[PDB]
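Below you'll find only one chain, the form deposited in one PDB entry, shown as structure tokens.
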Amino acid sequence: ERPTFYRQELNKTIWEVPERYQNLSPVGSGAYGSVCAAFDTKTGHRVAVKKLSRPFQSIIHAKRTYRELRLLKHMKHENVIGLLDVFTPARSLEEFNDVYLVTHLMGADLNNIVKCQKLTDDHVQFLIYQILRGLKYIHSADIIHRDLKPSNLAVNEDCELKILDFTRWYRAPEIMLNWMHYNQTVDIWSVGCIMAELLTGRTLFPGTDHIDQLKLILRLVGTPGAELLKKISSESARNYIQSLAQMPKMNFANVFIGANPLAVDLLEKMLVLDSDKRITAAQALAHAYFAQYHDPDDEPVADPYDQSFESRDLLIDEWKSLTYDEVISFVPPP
């Protein structure tokens, strides 16, 4: 009922994993934690093992750890990371310190993409399609990514694309500053900046700070109009913006010159300052740009997700217990 674990130290980090996972090779590390490629002897496929960094060092971390485990256990969709296994070496809650997450190995991300490129750039269509397909699903459970960027989006040798861990270059201007009650469509903005970057090769808005970032966004999409200024509840921001010289909305065809005109039409519908006017994932899939891949019979919505815990205010030992309960109750895919 409990497997056999084995110790291992990979550049100054303790890896204690069940013996079914072999040939652990580091692929990267950061704030999220440490990830290793590995061979799963049970299923026989290549997996990625993530060890959470300092999972219970504060109420923020402990709650963040619980959040990630709850989200990842909920996601059943081809364009979103699924959990194959979650485990801890600890035999009880008393000594429960570390958490490991297991998903199928993804060779690269949207920064890399050399396995998918062709001269026509018909790869872009398939890559953005998969993002929107996974966003529709995520957004259907009232989940918003917020920090969507090319390193968040994994890709295989087959150019299958998946989202994971839910600069400021791709951040929707409404959440850089906070004018209105920011909705799902913050992510559609990030897809805009990503798509554009895949079509030109250059970062669309490579701003050096929150000042420079809003300067570069307004250069392209023009300063807020009469009807958008109205809906900004923050005086700081309404002062910030009205104090700046009026910029006109540029012609997208002239900016994105030599790119599929169907792509330009989609960009124009993604990069609007007004979140209420901006295209949804569900709508964007139906855009003619994706006519090849689109199918409303195989673009599914997620089951309802219980986000009631986000409001709740508990101690680290309480989150840890709630986290521990989610590891024990885990069941893999059939």
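In this text, residue numbers run from 1 along the sequence as written. Here the rigid core means the biggest group of C-alpha atoms that line up within 1.5 Å when the two forms are laid on top of each other.
Gap between residue 166 and residue 167: 10 or more deposited residues without coordinates. In this entry, 93 to 101 has the higher mean Cα B-factor, the comparison being between 133 to 141 and 93 to 101. The question of which stretch, 44 to 52 or 24 to 32, has the higher mean Cα B factor is settled in favour of 24 to 32. Comparing C-alpha B-factors across 76, 149, 115, 162 in the deposited entry, the largest value falls on 115. Out of 88, 200, 120, 125, the entry records its largest CA B-factor for 120. For residue 225, the recorded CA B-factor ranks within the highest third of the chain. Only modelled residues enter the ranking. Annotation for residue 10: C-alpha temperature factor in the highest third relative to the rest of the modelled chain, per the entry. Sorting the modelled residues of the chain by their CA temperature factor places residue 192 in the lowest third. Ranked by C-alpha B-factor against the other modelled residues of its chain, residue 185 falls in the lowest third. Among all modelled residues in this chain, the alpha-carbon of residue 153 has a temperature factor (C-alpha) in the lowest third.
FYI, the form deposited with a small molecule bound isn't displayed, but the following is about it.
In the bound PDB entry, at least one heavy atom of residue 155 sits within 4.5 Å of a heavy atom of the small molecule. Heavy atoms of residue 117 reach within 4.5 Å of the small molecule in the bound PDB entry, making it an interface residue. Among heavy atoms of residue 93, none comes within 4.5 Å of the small molecule in the bound PDB entry. Residue shifts between the shown form and the other one, rigid core superposed: of 180, 218, 110, 143, the only C-alpha displaced by 2 Å or more belongs to 180.
Annotation for residue 92: C-alpha shift of 2 angstroms or more between the shown form and the other one, rigid core superposed. In the core-superposed comparison between the shown form and the other one, residue 304 has its Cα shifted by less than 2 Å. After superposition on the rigid core, the Cα of residue 51 moves by 2 Å or more between the shown form and the other one. Distance between the C-alpha atoms of residue 193 and residue 115: shorter by at least 3 Å in the bound PDB entry than in the displayed form. Whereas the displayed form keeps them at a certain spacing, the CA atoms of residue 155 and residue 120 lie at least 3 angstroms closer in the bound PDB entry.
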